[PDB]
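This report concerns only the one structure given below.
Ligands are counted one by one from 1 in listed order, and the atoms in each one are counted from 1 as well. All values below come from the heavy atoms of this structure, side chains included, with hydrogens, waters and symmetry mates left out. Numbering starts at 1 and runs along the sequence shown.
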Amino acid sequence: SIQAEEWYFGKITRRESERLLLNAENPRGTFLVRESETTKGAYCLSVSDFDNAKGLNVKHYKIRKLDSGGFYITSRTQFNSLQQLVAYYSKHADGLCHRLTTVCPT
Ligand SMILES: O=P(O)(O)[C@H](O)c1cccc2ccccc12
């Protein structure tokens with residue numbers, strides 16, 4: 001759980017996530033989950049996007065974790081695990097820049 005997850009990069013900075021995601025070869029939705037730099041207990045979901053307006057770019061979303069157990073970006077849409085959250089957002093874009101597609105290559 002989490003650390004076993006290949007999309008879990010653990011303790012890497014926001015800048016490092018952008019370095020990895022800003023690769024021209026990455027299609028929209030390339031992603032990774034990492035620790036937040038300053039929000040304790042929260043993780044960050046970093047996602048690549050692309051459009052003709054900005055071109056290749058990166059968005060960061062905070063994944064909150066309750067002691068009650070749930071994981072969520074928006075409190076209205078919660079999951080029993082980080083894994084289920086990733087699987088859901090791989091199917092639904094909802095408010096994200098793109099549905100999660102491919103785990104970010106190192
Ligand atoms: O700096 P990170 O790691 O991206 C971090 O989780 C973060 C992202 C976006 C806004 C933030 C605001 C406050 C504290 C941390 C924040």
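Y61 and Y89 end up in the same hydrophobic cluster when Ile, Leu, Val, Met, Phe, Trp and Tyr side chains are linked at under 4.5 Å.
Of all atoms in ligand 1, listed by their number and element, those nearer than 4.0 Å to a heavy atom of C44 are 2 (P), 3 (O), 4 (O), 5 (C), 6 (O). Of all atoms in ligand 1, numbered sequentially from 1 with element shown, those under 4.0 Å from a heavy atom of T39 are 14 (C), 15 (C). Against a heavy-atom cut-off of under 4.0 Å, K62 is close to the following atoms of ligand 1: 6 (O). Heavy-atom contacts of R34 reach the following atoms of ligand 1: 2 (P), 3 (O), 4 (O) (cutoff under 4.0 Å).
Protein heavy atom at the shortest distance from atom 15 (C) of ligand 1 is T38 OG1, 3.1 Å. Among protein heavy atoms, atom 1 (O) of ligand 1 sits closest to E37 OE1, 3.3 Å.
Aromatic ring orientation, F79 versus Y88: tilted (interplanar angle from 30° to 60°).
Looking only at distances, a side-chain donor or acceptor of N26 sits under 3.5 Å from a matching main-chain atom of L20. Side-chain atoms of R34 do not come within 3.5 Å of backbone N or O of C44 as any donor-acceptor pair.
A salt bridge links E16 with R19: the distance from a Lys NZ or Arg NE/NH1/NH2 to an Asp or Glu carboxylate oxygen falls below 4.0 Å.
Shown here is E25, whose CD atom has no more than 12 heavy atoms of other residues, nucleotides or ligands within 6.0 Å.
If you look at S36 next to ligand 1, the close heavy atoms, those under 4.0 Å, come from the backbone and the side chain alike.
Contact check for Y43 versus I2: side-chain heavy atoms found under the 4.5 Å cut-off.
Distances from atom 8 (C) of ligand 1 to the heavy atoms of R14, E35, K11 show the closest one on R14.
Distances from atom 12 (C) of ligand 1 to the protein include no heavy-atom value under 4.0 Å.
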